[PDB]
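The chain below stands alone and is given in structure tokens; this is the form deposited in one PDB entry.
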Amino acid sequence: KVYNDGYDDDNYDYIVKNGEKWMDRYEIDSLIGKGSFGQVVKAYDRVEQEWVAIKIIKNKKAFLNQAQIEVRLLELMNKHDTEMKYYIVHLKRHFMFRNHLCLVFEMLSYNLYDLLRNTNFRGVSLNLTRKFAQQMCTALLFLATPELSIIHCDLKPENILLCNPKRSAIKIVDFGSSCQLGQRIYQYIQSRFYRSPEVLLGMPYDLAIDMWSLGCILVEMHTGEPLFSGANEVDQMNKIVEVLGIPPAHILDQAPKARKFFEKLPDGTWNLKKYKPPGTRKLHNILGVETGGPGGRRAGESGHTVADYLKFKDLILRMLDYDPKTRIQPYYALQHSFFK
């Protein structure tokens, strides 16, 4: 059985060969990552004399076209951030090679899920969480600039990479599922644990969905475990409500999917359709604000005082506002006293 004249496997992926030279320019070293899109290889760019990561997209039209969207968005961001100060991965160039679209990037390191695994799923310190939060809010501020207006739409620990294994600098990756505020097409979006209530409820959405995801990500980075680990949409919404309570009636009254999860009482108030009772799984206790941090494991550690935790909790709750019009926006998140 032959795929792509012998160059591809049965998963639409290019069969990586060590030492292969491409286009009289790149010497392929090794496979360093993989995902639904294809593969990431370490390669030496002999023209620029540097190591690069090449994202080799699957040779299949749906994957190609997803990547073409990604290339356009990365090129737009490139021409609007030439100093590379806004925490988005830098696309150096792209090319088609043996029926695969290939995106050449700066080399990065481990993703933040890998980092959580490296903590044995116990979380990173509040101080490292703060550094990640500040960089992510800066990235979201850039995506919100009017000429971009990019909604990432799939923020999760796996899509945030360290630049260097020993440093806290990060870059956001993976814009294949992204869109712009003026051209919102998708109804079904965001990975489930990180999915905003407006998307669960079938309501209009905007860049605020990414702030919701960030709030979820930051809690998980410090505790080691997802904040809302739903097995399906109904379970996801129920897990959200355990922490945050029943959403406001003015939202549910306008939500096409309200009755997937909730029922309206003769009061006019809404309740869940037949979990811990609503709002009784307190973020205050998830974070261990007064009890030594998650699992009590930060008791007697510098940089984890009650005051520090109260600042973090306050910021997170503003990121997890059910109302996307009042959910904290990146400019103001960066001014919050968690960062002072």
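In this text, residue numbers run from 1 along the sequence as written.
The next section is about a form of this same protein that is not shown, the form deposited in another entry.
- In this comparison between this form and the one not shown, the chain bends at a hinge between two rigid parts; from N232, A258, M107, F37, that hinge is at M107.
- If you compare C-alpha positions, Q134 and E83 are 3 angstroms or more closer together in the other entry than in the form on display.
- Legend note: Cα of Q183 to Cα of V89 is at least 3 Å farther in the other entry than in the depicted form.
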